[PDB]
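Written out below as structure tokens is the structure these notes cover.
2 protein chains.
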Amino acid sequence: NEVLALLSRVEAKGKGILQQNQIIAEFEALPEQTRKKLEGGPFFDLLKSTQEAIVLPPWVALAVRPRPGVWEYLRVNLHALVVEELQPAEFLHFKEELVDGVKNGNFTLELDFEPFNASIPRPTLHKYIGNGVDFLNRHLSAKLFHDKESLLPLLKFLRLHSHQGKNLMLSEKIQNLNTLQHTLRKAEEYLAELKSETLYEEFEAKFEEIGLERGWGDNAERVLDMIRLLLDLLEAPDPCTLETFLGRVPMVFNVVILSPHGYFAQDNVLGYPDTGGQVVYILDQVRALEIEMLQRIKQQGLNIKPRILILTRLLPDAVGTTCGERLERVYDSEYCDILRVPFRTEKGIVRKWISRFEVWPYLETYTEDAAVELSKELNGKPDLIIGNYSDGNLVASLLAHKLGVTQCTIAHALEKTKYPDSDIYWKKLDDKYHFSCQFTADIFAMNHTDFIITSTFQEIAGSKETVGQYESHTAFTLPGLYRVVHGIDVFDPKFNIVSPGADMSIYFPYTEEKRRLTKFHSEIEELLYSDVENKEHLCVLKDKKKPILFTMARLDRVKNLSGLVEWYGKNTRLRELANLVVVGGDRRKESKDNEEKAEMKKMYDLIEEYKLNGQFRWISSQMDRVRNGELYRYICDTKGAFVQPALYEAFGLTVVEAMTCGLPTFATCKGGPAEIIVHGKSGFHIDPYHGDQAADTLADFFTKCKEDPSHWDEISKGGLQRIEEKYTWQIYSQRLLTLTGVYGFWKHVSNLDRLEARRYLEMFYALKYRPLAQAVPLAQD
Amino acid sequence: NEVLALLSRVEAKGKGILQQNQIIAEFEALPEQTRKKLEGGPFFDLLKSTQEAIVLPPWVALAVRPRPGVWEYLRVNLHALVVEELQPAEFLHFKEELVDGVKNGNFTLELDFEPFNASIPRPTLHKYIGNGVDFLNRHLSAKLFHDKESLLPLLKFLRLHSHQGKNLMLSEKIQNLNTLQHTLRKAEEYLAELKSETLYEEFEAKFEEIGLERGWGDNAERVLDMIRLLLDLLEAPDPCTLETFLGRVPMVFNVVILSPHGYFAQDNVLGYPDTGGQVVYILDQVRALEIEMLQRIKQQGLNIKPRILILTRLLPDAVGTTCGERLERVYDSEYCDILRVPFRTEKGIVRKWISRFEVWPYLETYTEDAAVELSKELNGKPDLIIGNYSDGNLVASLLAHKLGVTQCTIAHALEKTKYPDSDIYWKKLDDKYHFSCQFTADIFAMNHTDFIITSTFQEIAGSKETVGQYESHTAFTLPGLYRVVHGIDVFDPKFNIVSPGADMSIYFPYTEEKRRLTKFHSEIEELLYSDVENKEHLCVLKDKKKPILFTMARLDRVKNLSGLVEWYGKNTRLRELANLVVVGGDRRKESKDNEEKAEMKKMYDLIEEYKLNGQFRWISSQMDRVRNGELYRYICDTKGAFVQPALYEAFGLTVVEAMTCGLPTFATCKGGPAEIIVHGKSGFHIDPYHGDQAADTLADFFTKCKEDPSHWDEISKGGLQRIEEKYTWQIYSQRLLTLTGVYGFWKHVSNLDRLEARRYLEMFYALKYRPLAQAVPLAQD
Ligand SMILES: O=c1ccn([C@@H]2O[C@H](COP(=O)(O)OP(=O)(O)O)[C@@H](O)[C@H]2O)c(=O)[nH]1
Ligand SMILES: O=c1ccn([C@@H]2O[C@H](COP(=O)(O)OP(=O)(O)O)[C@@H](O)[C@H]2O)c(=O)[nH]1
Ligand SMILES: OC[C@H]1O[C@](O)(CO)[C@@H](O)[C@@H]1O
Ligand SMILES: OC[C@H]1O[C@](O)(CO)[C@@H](O)[C@@H]1O
Ligand SMILES: [K+]
Ligand SMILES: [K+]
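Respectively, the protein sequence lines represent chains A and D.
Numbers 27 to 807, taken from the authors' numbering, label the letters of the first sequence in order.
Numbers 27 to 807, taken from the authors' numbering, label the letters of the second sequence in order.
Written out as structure tokens, the structure reads:
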């Protein structure tokens, strides 16, 4: 095909010196090409997998991705027959040259985390992505099988295990596998005799004699299965046994959760800058976590009272909010509190809200302050530390290091994918977004943590056609700063997919009448349909009978609300069928946020340009989740739909909330919602990059729904069952806890290999992050 | 006996907050202590081995050193019986409180190389320090024994191995151990029948066909020993065989040696600032090396022409010298050239000489520039790269990385031992000396290199009583910068002692009349005994018939010549017995160097203070080694002595020079000269810290020599033998080449494990050295 293949690069040439993405790629090349396309041979086809290609003079470089998590880079001659296979670094060189004009100084930093991971083998099966604990178990199960030097670690573990000055599992009486083996067998013979429901307290005395401390279970039956479980790990370890035992051992009692940025609170917040899905997730998480812990604790026959602290910034000048108080009990829980610590410098505490992009210079000092405070509140040290987002993961990493605690991170979003080419173009973005800091923190926490939780597969490995969020951090470069050769690997056994949900008593199907909160209908109707225009709501709905196209979200550039508004403004077919109600931004107060401010000015203009008055209602931030639920269900009444038009959406809780209430959802294909929604079944995908087709798809739906109302009900059911299956909080907590067990034990076995990695990070943090963070200007009060 | 320990303890407090070296440690407390000492026993015996004590009001910190390379740190209450065991970091914590007032920032950097060096096991025996290649051999020999995965590296090594386009050893025809085991078997059988003296050209045809390329030997006898060796490695590897095979394989053809600082030349230099032994060491070295390479290349049946390039700086404005010319042929060699590259910045070439303490900002660009130039001179890339000193090892590490070459380093001195407490006190020393740059380069190069060469065992592990030059780098801290927890380990298998010598054509026994160069006797006599005072010589020797107490060196603080002069001045008994002749500094010109200037003023005042005219002759730098040779022998004629009063001397070539000419020698006891000399047998040690005692020691020797002139001869003959035994250039080259063979191969077996350390080291150059090096103010023409 030397004729045909020439013809492609040919088209590529004129395109000039620039970034070739996939769409921006052959979508130009192939579809602008004649019947000569005829490419169903290898060249077009296998290289339909080109993720991006670097356009320069006689060479063009391109990154290819046959399968998720598998990359190969190539350099093909602009005019020539030659293709030479590039190394990751060589490829990244191109990107550097394209911006600065030259590559990075030869001796300028190159991060390679590859050699530091080598402890466990790396699974190559797509199946094991986001499944690592499964993999880790098979590795431990196999390494444990008849190996002395291997088993000791497990015995040392149970012997050292204690909480608040009480011994658990094995006592000091057991010095070796022989006594342990002998004692367990000795215990088993005894217990197999007793009535199943016999309380531990009965056989406690004897158990203390032979070296068994509390926590095996609350009764004979339970203690029995457990002793039988461990005896088995000593004898013939299998992965399922190993997990079950480790997950059962009472461990997690105290938990520390990190969420520094935003206005973190239970009221009067949601919709403010940086306040949103993260805050929601965390409050649901702790409540779900606390129920599971009280249980595991009670089943294991212990009386410890758990504690969960959520750490965040104390903001003294936020008014209307509880953000200025140090300690706050979380709704519907006994043991979960929000702990607030202030940011400070040499000159004293900093009062004013700071954007999440600007917090960096404060975090290290924050970390120390937090350690002191959370130490005051906890009886015992943290049994698990979970970081959230970047600041959260950064701080949680420093703390876990400092307190030697099992650490888990949860990204909630990765900015590198929200802001396209923000890595290569970072320099000009930097005075505003400080991405050099963020990406640094992101890499550091990502490799520092023990395990990683994600809400979907796509967060990790993306899909067959497109690349996942974490995966996009495998190899990248920030020209002038440093180059990341292997930053992360999609196959890492630390990745674990644990899907969240929507609080089921906030969000239920709109069709359950007795449950509908009808006291909210008066206000909901003023909200939507009233003729008043003010800071709460702008414009007016001229027609109250139409279905409502609805969206609710934080207002910023990536949420792309102004985009939706344009698509709708322009589409008369859609405008005639539905009213557009957009909730975003708080216009009650002058916005302090750059993007929100910008985004708001667009909304105003679009109102004027498309003469949107009468079909459009623009609603400020809706902060009560409880009424929020009813809002969703109310839209169902009108037979409307939810739309999520983000340019990228990391997960999309609102998409999960809508589906739970029975509201048919059209959500962006870029990011998490691609995995949540099964197209034509659980909802529909739209592409924010083709807005007019999104608008038309919506129109198609309402049109079909008009002629056949069963169509609406179909998707509503599809959505409801799709949540029932994938997204709920019941499985979450347990999975999370089991993980703490397996990854905690793993710490001790894998201990000494992570020493090298522990220094690389320590040094990366110190020599790279700190100086960058310090560079970021301080806020002035 | 807590009444006693508390005695010495409170004895120590009176000193206050500060450092105490063993000098002071047992000096002040203990025998300067009241006879209540009566110690012996425990707590004296072992803790007389205390190396340093950090004194903070409630506590004292103790670095304890039972055996070379073995360290224990202890905190003990200034008042109390309490003695706790500090881990190294904890002890480093102390020193930091002593200076900054607080310990280093919690998240401030700890350099730890230990976890990276875990690749090979650690020898614990005193006998392997500086013997590392011996240990590596037995390790490789075992790992190699019936290991397919182990043997393959060797086959690959031999297969890929080539030079200048020509294939060596194995050809591509041998892909596996069986084929090779088979080919070698045919080969031995064939050659076995042949006449030993048969040339390789005869069987060259036969060999090529079975896959055997050149380099096994010049004739059949040599080739047969060689093929047998390999057969034996594949069958039953032993260390001695391994060493012999690897040492013998032709490898080193192009050698590159880095020495950027100083005025490096063959004439009109020695004695200038920064120009000294390192220049002598190298010139002597390369000449020996070339001779050996020529030999080896021939024995293996090769026609390759070697090249040895000494990279150093090109100095356009040094007049009276050749420093301004790019390429210079080394005296009395066919293949060794000095290659000069200029320092430069954006503004163009930097003309002026820069002190070795200031070259840091220019080193990276130098590396880039050098790579190009040497690549223009060398035919084929460098086979071995040898760094010298700090700038030299720094640059040589960058090149080695860049071009993929076996690297060796030679320190020639380590500033941290020469400038005591410069690590802990660095910040105040930095504007002047920039030790925050140099200590960084040292740590880096020292861990980056493949193998390290030293001139003595003291350079590495010191003695029973005192710490070594490298060993002092194991644990230290630069408060406010970083903290090296494990920075080096004297048992590290990379250490190899290979002792240098004096050019035997330049320096020989003064008793060989035939050889004495008499045509210099006129100059020498004007130089010593002349009536004239000028830039060339100061004061006057009133009596030409006395013995001369001679010394020669660069003029700087540590060389401590102003002290020798003072000791001499105070001592009337010594002044009567001998004339003091000191060579140092060049007064022909205004002086650019700080210490040299400082040191000259001291010299002047001293001459006036002690009325040194008539006893003392202060001569300027003597830059022609050949006449220097005679001058030594002339001092022998007067029946005098050589004295080396350094506060610290890393090695001391002039000591070896003096001894070799048969001039009895008194050398400092702090440094290499401690090992070079056997007190009373090959010369005498003097303590630069007690000079009044040193002057008296000299007085004694000169007195004894009057009553019994044969005393002199005894030491002279003594020193001579000591040299013919321990220090000469014959074995040096042979050993260097063998180490290059083994470590070269060793790097392929160990390549994978070193990968982490590779990255950690890269990150350190990039985020620590680079920034520091840029902070150094540029030379401005
Ligand atoms: O004015 C608002 C804006 C957002 N939310 C809630 O904030 C979350 C938005 O999270 P999502 O994951 O959808 O987007 P994110 O904020 O995480 O980027 C959802 O629970 C919304 O219901 C809200 O209650 N009121
Ligand atoms: O005025 C001088 C001073 C020194 N040297 C030579 O320089 C070297 C000094 O080497 P050494 O190791 O003793 O001291 P270094 O300068 O290396 O620290 C010796 O060869 C000396 O003979 C010299 O030729 N003329
Ligand atoms: O990136 C999305 C943003 O919204 C949040 O979910 C906060 O509610 C955070 O993850 C981040 O500030
Ligand atoms: O500290 C020793 C100094 O003298 C030299 O030997 C002469 O080049 C170098 O090693 C260094 O400048
Ligand atoms: K226990
Ligand atoms: K070869």
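The beta-carbon is built from N, C-alpha and C at its ideal position, and this holds for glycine as well.
Whole-angstrom distance between residue j and residue i, CA atom to CA atom
i, j, result
"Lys428 of chain A", "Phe133 of chain D", "9 Å"
"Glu562 of chain D", "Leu186 of chain D", "59 Å"
"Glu399 of chain A", "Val312 of chain A", "19 Å"
"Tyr154 of chain D", "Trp772 of chain D", "17 Å"
"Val609 of chain A", "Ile645 of chain A", "5 Å"
"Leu315 of chain A", "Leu781 of chain D", "41 Å"
"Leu238 of chain A", "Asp251 of chain A", "15 Å"
"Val591 of chain A", "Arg601 of chain A", "11 Å"
"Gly243 of chain A", "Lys407 of chain A", "23 Å"
"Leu724 of chain A", "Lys628 of chain A", "23 Å"
"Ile479 of chain A", "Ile479 of chain D", "50 Å"
"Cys463 of chain D", "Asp126 of chain D", "19 Å"
"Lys331 of chain A", "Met195 of chain A", "18 Å"
"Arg35 of chain D", "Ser489 of chain D", "27 Å"
"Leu507 of chain A", "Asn130 of chain A", "8 Å"
Residues that residue i bridges to, as DSSP identifies them
i, result
"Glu111 of chain D", "D:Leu100"
"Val90 of chain A", "A:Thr76, A:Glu98"
"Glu354 of chain A", "A:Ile364"
"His189 of chain D", "D:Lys192"
"residue 13 of chain A", "What the structure shows of chain A is the stretch from 27 to 807, and residue 13 of chain A is not part of that stretch, so it cannot be assessed."
"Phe120 of chain D", "Paired residues: none, contrary to the question."
"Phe502 of chain A", "A:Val510"
"residue 6 of chain D", "What the structure shows of chain D is the stretch from 27 to 807, and residue 6 of chain D is not part of that stretch, so it cannot be assessed."
Beta-carbon separation (whole angstroms), residue i vs residue j, contact threshold 8 Å
i, j, result
"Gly709 of chain D", "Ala693 of chain D", "6 Å"
"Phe517 of chain A", "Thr150 of chain A", "7 Å"
"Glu65 of chain A", "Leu30 of chain A", "7 Å"
"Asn245 of chain A", "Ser222 of chain A", "7 Å"
Stretch-stretch touch, CB-based, cutoff 8 Å, three pairs: the stretch 712-721 of chain D with the stretch 758-770 of chain D: no
Quick check for students: name the residue ranges of the beta strand (DSSP E) that lie wholly in the stretch 548-609 of chain A, counting only runs of 3 or more. 563-567, 574-578, 605-609
Ignoring anything shorter than 3 residues, give me the beta strand (DSSP E) runs that lie fully in the stretch 391-469 of chain D, in order along the chain. 410-414, 432-436
Inside the stretch 639-684 of chain A only - beta strand (DSSP E) runs reaching at least 3 residues: 641-645, 667-670
Secondary structure, beta strand (DSSP E): runs of 3+ residues fully inside the stretch 687-728 of chain A: 691-694, 710-712
For a minimum of 4 consecutive residues, which ranges assigned as the alpha helix (DSSP H) are wholly contained in the stretch 736-798 of chain A? 736-752, 756-775, 780-790
Are three or more beta carbon pairs between the stretch 497-511 of chain D and the stretch 459-473 of chain D nearer than 8 Å? yes
With three or more beta-carbon pairs closer than 8 Å as the criterion, would you say the stretch 78-85 of chain A touches the stretch 41-55 of chain A? yes
Three CB pairs or more closer than 8 Å across the stretch 247-267 of chain D and the stretch 296-312 of chain D: no
Any contact between the stretch 381-393 of chain D and the stretch 781-800 of chain D? By contact I mean 3 or more CB pairs, one from each, below 8 Å. yes
Below 8 Å, can you find three or more Cβ-Cβ pairs linking the stretch 745-754 of chain A to the stretch 97-117 of chain D? no
Can you find at least 3 beta carbon pairs, one from the stretch 429-442 of chain D and one from the stretch 288-297 of chain D, that sit closer than 8 Å? no
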